[PDB]
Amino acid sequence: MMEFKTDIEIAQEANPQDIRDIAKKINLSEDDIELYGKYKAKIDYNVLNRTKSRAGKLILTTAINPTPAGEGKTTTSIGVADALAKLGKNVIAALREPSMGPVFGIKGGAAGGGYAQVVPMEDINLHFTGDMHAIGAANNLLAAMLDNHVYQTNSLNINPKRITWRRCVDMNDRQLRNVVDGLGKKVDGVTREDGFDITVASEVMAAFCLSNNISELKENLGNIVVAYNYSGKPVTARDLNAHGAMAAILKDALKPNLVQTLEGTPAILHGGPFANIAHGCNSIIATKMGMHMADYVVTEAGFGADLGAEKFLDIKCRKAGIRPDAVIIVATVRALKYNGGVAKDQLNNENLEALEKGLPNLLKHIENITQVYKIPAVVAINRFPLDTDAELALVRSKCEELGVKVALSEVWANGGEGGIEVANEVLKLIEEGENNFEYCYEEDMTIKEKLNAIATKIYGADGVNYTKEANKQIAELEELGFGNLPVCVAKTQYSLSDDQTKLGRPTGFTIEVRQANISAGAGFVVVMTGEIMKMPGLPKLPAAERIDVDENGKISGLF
């Protein structure tokens, strides 16, 4: 027979505390909190200026390259945080907010999974506290003011063909990828090519997550480059007098959102940019908030260590002035056997030979964390019942040779109890740890030197090649004065290389850069190794067709 519980059944049967009690666990009075129902809350960012910082530790959760087998990065983050709570520690989980668009294409999902989730699950997947709407409104206001300026006088001499700013919407709408607007009468605007991204891909989202306060948000938004003039110089949102209004739309959204786990552990969800064209981390203001209110903060970055962790350490940690005390590298035996050449169908059979072929992927990410950034790390293996004792022993052997212990995580089935082993090793790394954190590169280096450093040190590439047009675009960015910013490499996440088919630990390859541009608002240069989907489409049978509401207003079909 069978008997099992889906994540939504686990979320339904939960007993979530009043968010006011959750706030009490981190010394947040009722007068420091804006309630959104009794299970969601927004935290005033002005509590930092009137309370004493606990100077909590920072625990960064990452993973190997994503595989169709799944690794359970966010489930481990929530589970380890719950474990530290079982150990009597004052801990906060810092996570991102999901986009709403994909819920209607491919269905929504739990914050984590199993018994390591964040609740309320339904609200988190939909409107939550409205941050996504605030991001999009600010994005589209700047777009309307840009087009309005060109329509009224165009005194800034904006070249319509060099307009880089794009509108956005929080839906999976392929139809809006490439558009032409401004058609009609003379009074209907100026005809030009345009496009829509999904809201989370907007640069507003990136700068939103890299602002320390509302004044830095207003300053970052003004630095956004929306076009170039006929002289080749950048035209910014500040030049349009737009950043003040955009900061007014985001005034409430910039407050971090307080929720909880299934075990009552305080959780903060805030922001959620891409992990290829952005850094893929939750907001700085939320991570700073947590370290100010708790002794431990468990956060995470998307797409695995070669992308999210690299940008957490080289972009976020630089702009926030923070240092991880420990790093959790998540992996599963099935994912490693997948790197070894096993097809997705056969990942449940024992295959020591394939596990050994795919282990160099985990080994490379360990070397990057512990030998390039010099940060104490622990491997968290999300154990499955078919994981043989030899498979676990082989993984532990090769990881011990690099000085890293392997802790078995069972938070998906046992909640915080299943994360005590990982939590204990993390506390051990924090106490026995020293400040050896090193960036992958220095800011004074050129854009090509920074890319060369990341490709060689992190990806394992022999070097970086540039197309004819990429070299031109990088040369312009150096001339305009952007060569002193961090670089954000937008490449595939399924491989250490830029070739999504090269599993394991590819060697003797080169990265092919074909496009580059400036995200002056977020504060980094974006570099492309291929086409990047900034607006997903809907499948043939969208998930929306099964979503329903009953006479009492209960939603079904979401998960």
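Sequential numbering from 1, following the sequence displayed.
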Inset, instruction - On mean C-alpha B-factor from the PDB entry, just flag whether 230-238 or 431-439 is the higher one. - result: 431-439
Inset, instruction - Select between 373-381 and 339-347 the stretch whose C-alpha atoms have the higher average B-factor in the entry. - result: 339-347
Legend entry - Residue, from 177, 270, 292, 166, that the PDB entry assigns the highest Cα B-factor: 292
Inset, instruction - Grab the CA temperature factor for residue 468 from the record and place it in the lowest, middle or highest third of its chain. - result: highest
Legend entry - Lowest, middle or highest third - CA B-factor, residue 16: highest
Inset, instruction - Sort the modelled residues of this chain by their C-alpha B factor and say whether residue 35 lands in the lowest, middle or highest third. - result: middle
Inset, instruction - Could you look up the Cα B-factor of residue 101 in the entry and say which third of the chain it sits in: lowest, middle or highest? - result: middle
Inset, instruction - Would you please rank residue 42 by its C-alpha temperature factor against the other modelled residues of its chain and give the third it falls in: lowest, middle or highest? - result: middle
